[PDB]
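Next up is one chain by itself, shown in structure tokens, the form deposited in one PDB entry.
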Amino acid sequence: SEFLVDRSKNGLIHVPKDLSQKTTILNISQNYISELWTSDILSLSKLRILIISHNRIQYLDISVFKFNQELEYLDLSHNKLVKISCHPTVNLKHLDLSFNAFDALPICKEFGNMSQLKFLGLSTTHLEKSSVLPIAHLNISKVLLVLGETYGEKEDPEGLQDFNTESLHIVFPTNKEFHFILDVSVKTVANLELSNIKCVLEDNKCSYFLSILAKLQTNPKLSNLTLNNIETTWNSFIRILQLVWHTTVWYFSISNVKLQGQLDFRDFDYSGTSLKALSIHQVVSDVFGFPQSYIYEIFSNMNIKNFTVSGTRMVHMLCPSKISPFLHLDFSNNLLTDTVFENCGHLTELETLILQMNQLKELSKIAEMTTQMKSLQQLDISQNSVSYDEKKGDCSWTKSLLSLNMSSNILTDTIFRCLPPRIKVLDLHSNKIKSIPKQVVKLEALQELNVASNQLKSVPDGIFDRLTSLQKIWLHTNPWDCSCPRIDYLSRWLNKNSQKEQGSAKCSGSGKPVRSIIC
């Protein structure tokens, strides 16, 4: 049972009154409501979730839900809250006051009795360490704190030290140089996230931001660090990578970055790291574009096992200088070409490599890249423009390759002459395959084969008599000629193996499910 009333985006001005008393979830987000009374919601006795975000409430009396004993989730984010009255009320598990106009931290003493409070979203322009005290005894899981645009004057450096939270997401002011002296190293924080870091100036390259990051080295509890919406020079960017490299963090994630200047930094110290994974999503450079020097050398020689770089104008990734510990590399959505990692015998531990959506073109070159990757189990080169030239001869795939994703390219039926021998998973959909040659019978171990969205009209008589290992197969979005007898072996054989087909391959023009032909 769950009576959901979704009145969001209805231009409401007050809380709808003619609501069923069965309402357990009330969504009135994105409207024009300006007041929240007790009578607005007291009659909804079973109300459990209340979402009034993106309205324009300025005053919050927290006793207005005193009669909603089942309420555990309240979202009042993106309102105009400037005032909050503290009174006895119900124990919430989730309270969101983020993105409001409070001048002081909207923390009520009554918040202390919320023994199940697991998420607290706050808004403020002034943070005093002592104002957090009522909740300093609660084991909160995540706190979102949005510092208003005018935050900055009369800063308390220990303002956060009383927060007892496992995850902290600090949202710094937007459109402002980073000059804030707030210690983000908190005793109990394991997952720290910081949004909006901007330091594009000569005076001193992100010294303030780097300073608070350096205090993240002195806490073994910090395990996950995330940085969002960063704008600074290329030097300061590499300084951040280097600084956090020596912290305690295991997982470091960076998304939405705008970098400028000429990169000078290339003397990276990889020692003393605890990093398990690093991901960099969405990097934008200045008018000159992605650096032509140093950056790849920094990226290629990282002494880590998980490494993602997506959403960048990156064009190379070189063989690591020494034997590399790279284990799972995701370089999807860049501008890399086929020579990436060429002539490389230092990636013998790599097990998965994703090069989806780049600028790969010739498959023989890509298979040569794979030869010395003796542990490589999965390879994704989908959404490129890869063709295979049968003239180049045999392909030197590594024997360890089990899964191969080549969807969204311009391969032909010759592709089946350029497949690793132990192939088990094979995704070729959105290609230019017009037929299935006799080479397929040699893939006994094949378990999955996706040739959807090609130009298949039929398959040979008996092409599956020796593919005893198959479990899943896609055939849809292909123009099959369904006149008997060209469609009979495909009809009888398909009918028997009912569970194996994924989706519904349909006849060209007739539209009938192919299983339904009686030749």
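The term rigid core refers to the maximal set of C-alpha atoms that superpose within 1.5 Å between the two forms. Shifts are known only where both forms have a C-alpha. In this text, residue numbers run from 1 along the sequence as written.
For the pair 446 to 454 and 62 to 70, the mean B factor over Cα atoms is greater in 446 to 454. The deposited model assigns a higher average Cα B-factor to 286 to 294 than to the other stretch when 138 to 146 and 286 to 294 are compared. Note on the listed residues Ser236, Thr414, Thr348, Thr165: the highest Cα temperature factor in the record is that of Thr414. Between the residues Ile354, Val200, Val171, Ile240, the entry's highest C-alpha temperature factor is the one at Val200.
For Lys391, the recorded CA B-factor ranks within the highest third of the chain. Only modelled residues enter the ranking.
Looking at the C-alpha B-factors along this chain, the one for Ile25 belongs to the lowest third. Annotation for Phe326: CA B-factor lies in the lowest third of the chain's modelled residues.
Sort the modelled residues of the chain by CA B factor and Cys206 lands in the highest third. Ranked against the other modelled residues of its chain, the C-alpha B-factor of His87 as given in the entry falls in the lowest third.
Keep in mind that the form deposited with a partner chain bound is missing from the display, and what follows is about it.
With the partner omitted here, the stretch from 146 to 154, 300 to 308, 175 to 183, 357 to 365 that lies within 4.5 Å of its partner chain by heavy atoms in the entry with it bound is 357 to 365. A heavy atom within 4.5 Å of its partner chain in the entry with it bound is found for exactly one of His316, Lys258, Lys118, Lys221: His316. A single residue from the set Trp250, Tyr208, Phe265, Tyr296 has any heavy atom within 4.5 angstroms of its partner chain in the entry with it bound; that residue is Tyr296.
Interface membership of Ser236, defined by any non-hydrogen atom within 4.5 Å of its partner chain in the entry with it bound, is ruled out. In the entry with it bound, no heavy atom of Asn91 sits within 4.5 Å of its partner chain. Although the partner is absent here, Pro291 sits close enough that one of its heavy atoms falls within 4.5 Å of its partner chain in the entry with it bound. When its partner chain is considered in the entry with it bound, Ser385 lines it closely, a heavy atom lying within 4.5 Å. Only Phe290, out of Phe119, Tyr151, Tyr251, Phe290, shows a C-alpha shift of 2 Å or more between this form and the one not shown on alignment of the rigid core. Figure legend: C-alpha atoms of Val287 and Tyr294, shown here, are separated by at least 3 angstroms less in the entry with it bound. Residue range 287 to 291 is the only run of 3 or more whose C-alphas all shift by 2 angstroms or more between this form and the one not shown once the rigid core is superposed.
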